[PDB]
Every structure is written in C-alpha cells, then in structure tokens.
C-alpha cells in the first residue's frame, strides 16, 4: 500500500535534471547534470558537466549538494518518507557545509517535478576558503566514503532536518571533515509525512566519461533507509 500519493511517482525510472550555479571565493561556475533515478532499487546515476571550464573546487565537495527522493524506504518504513510525500510540488533543501579548517558553502536547492522530470535547481555560495587548502588546491581524492545520515522531523516547519559529517580522503593520507547542517521544507501546502528518527545509508561511486573533454563527474548513489 502506498502511504503517500507522491510515492507513486517513483515506481519506475524517473529522468533527472540538475542545475547548479556556484560562486566560491568569487570564482563563478555552473554545473549541469542529467541522468535517471530508480527508487525501487534506491539508486540514481547522473553525469555532471561544468559549463564554465575547470571547476575551482573538487568534485567530491559537490556530491552532497548535487536527491533524497530516490532512497529506498523498506515497506515497514514507508510512513517515514517525507521526500516522496512532498512530490510533485517538491521541497526546498538548504544547507550550510563547513569544511574543517577551511571555508564553508551555503546552498539552497528546489527539488520538484517539472513535467515528468525530477529537477534539482541549486544556488551555492562559498566563502573564506584558503588559497592553498585542500579545496581550492584540489587535494582531495576522487572517491566518496559511505555515510549514514540521521534524519529527524522539523515539526514547526512541516519538514525534516539533519546534521552529519562527511569524511573526504585527502591525497597522500588523512581525511578532511565537512559538517553539514540541513533543513528541508515543502514547497506546497498539501499534507506531508513527517518521519520518526531514522537513518539514510549512502554509498557513492565517482567515475569519468572517457569521451568527455569538459571537467565532469559521473555519479552513482545507492541510498536505503533504516530504522533505529
């Protein structure tokens, strides 16, 4: 049984469009992504390209900013899937991301259907980055650790919130942490599911298109919900 009407929009393969306009330490960049999401299997695959030349930041720092609707919620947890319940009208996803001993991103995204396409349209601003740090200096490995993100209800805002740390492998040993502070709120007025506390388990793969000459990232994400 479908617990929310929005759940029905994800039974098949859903086309995805991602658009990001960024500005980090004054360096402007634009990223466009296309792919598809398969919530039955908790999976999404996208190819992202820079339309503005070589990116001023590493692709791994953009992974979390560049689609929680595609997580697989097990049958006993369908009542906790806020993300699909907010569809098709969608939700706003806002974050602050603080990089350990470095600058920070502020992001605001709208995730919603435009026609039959799930669109993620993002503005990102980055401030206070070190010229020779791991971000502006491109010192992060091209991979992504698995992370469990604790999701809680934000009842006053009729949405969800999360705070979590990602760990980014630094070239030649060590890890750099990124503290994420996240709030999601529905765009429409229709009723949404507010979840009990639970976790989303993420696993990600970063790859390249051998025929793409522009700066780019191919991303696979596999995400499942688990109760406590």
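Residue numbers count along the first chain shown, from 1.
In terms of unmodelled positions of the deposited sequence, the stretch from residue 66 to residue 67 in this entry skips 1 to 3 residues. Averaged over their C-alpha atoms, the temperature factors of 129 to 137 and 97 to 105 are higher for 129 to 137. The PDB entry records a higher mean C-alpha B factor for 186 to 194 than for its counterpart among 186 to 194 and 159 to 167. Taking only the listed residues 53, 60, 35, 42, the entry reports the highest CA temperature factor at 53. Residue-level inspection of the entry shows that, of 118, 77, 151, 71, 77 has the top Cα B-factor.
Among all modelled residues in this chain, the alpha-carbon of residue 210 has a temperature factor (C-alpha) in the highest third.
For residue 203, the recorded CA temperature factor ranks within the lowest third of the chain's modelled residues. Among the modelled residues of the chain, residue 175 sits in the highest third by CA temperature factor in this PDB entry.
Residue 225 sits in the middle third of its chain by CA B factor, as recorded in the PDB entry.
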